[PDB]
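What follows is one chain in structure tokens, specifically the form deposited in one PDB entry.
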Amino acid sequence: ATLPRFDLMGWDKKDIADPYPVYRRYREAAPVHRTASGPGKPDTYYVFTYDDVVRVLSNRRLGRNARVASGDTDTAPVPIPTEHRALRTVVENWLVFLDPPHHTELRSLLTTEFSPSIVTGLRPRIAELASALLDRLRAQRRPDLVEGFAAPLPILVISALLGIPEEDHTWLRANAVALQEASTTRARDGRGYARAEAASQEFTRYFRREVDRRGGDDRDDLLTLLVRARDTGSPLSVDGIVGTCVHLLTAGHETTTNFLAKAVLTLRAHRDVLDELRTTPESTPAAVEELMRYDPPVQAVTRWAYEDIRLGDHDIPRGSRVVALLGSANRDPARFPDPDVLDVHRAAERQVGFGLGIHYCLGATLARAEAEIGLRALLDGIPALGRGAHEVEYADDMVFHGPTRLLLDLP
């Protein structure tokens, strides 16, 4: 061919921070790129166009279980190495890696807790949190927008939702990042799953203690809602409740964090727009839509073929692993003219940064509230947000994509 074998492993720092040119070349050669794996194994098909990505997350034929796909069984249900138990029992229990019917029942029991009406009555407390955070972060030496803002904001929001102390916000962040070392795009090199294993163990005990405490008080809070189901005839285990808690805690912030951080890098690289938001507050909602498609926090999601399927001009055999590049789709010229230009005026409801299909983002509404509000606080809270320079460090993560830390500078 012309361009080489494609995958998401082992990227250099500078391409992680700006992979769009990579997605562009490959996308221009072919909409799908097959990447074999060997002797009796499944190849991976990477989808780069918007239309194909939509089909992939739409198809009732692409599931989340590799072990269901292969008909094999010496195969893990979740992409977690068998030797690691705690880790593995917590990831198997994530709604995201679930297929109907189980997934349907769990999403339904959960979905009512993130309603537009609940989110609306939360906007005030989310605004108040963000402000107080910018206060502590301001009286500080070498402020880091991530650990000092983008990370604790959504953590405080989801933690109050679950029913756990805010005082643990830093402790929750640490373990979350440690656990995150298990996603498929990271190395397994030097200290692989090791840290993710210990992170899983701490969360299991931590949450186990919580659930064991339910029937003292009972407030409205996910933990109590869950344990209530189980005690009144609902079919779910502690391993189910525990994983669901970890799943929400992580799903509840790691994406919001990466979005907030990358939203700052984007605006600083587009001062005309950032200067627009500062002067015109109502533009925020529209801007959040663009910032979202321009540089989405989730660059890749995977599905598994449960029977043969034809995507693009390739036939994807039952058992294949399919990867939908959300970041590539969002910059597909076939659907977003001038994909590299930050244009807040283009029509919304097209960007797939929140996914699509039955696994669409459970807290999309909440997420969008934290983004609009959080961005606001930044725009109004840090006048020099777009001035001077900064220093950023991206993580070795192509799934949860975004800065590990983002430093700005003081007055």
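In case it trips you up, residue 1 is the first one in the sequence shown, and so on. Rigid core: the largest C-alpha set superposing within 1.5 Å between the two forms.
Beyond what is shown, the protein has a form deposited in another entry; the following relates to that form.
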Of the candidates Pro339, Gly148, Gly240, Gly319, the only Cα that travels 2 Å or more between the shown form and the other one, given a rigid-core fit: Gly240
Shift of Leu260 between the shown form and the other one at or above 2 Å (CA, core fit): no
Threshold 2 Å Cα movement between the shown form and the other one at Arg125, rigid core reference: no
Core-aligned C-alpha movement of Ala229 between the shown form and the other one, 2 Å or more: yes
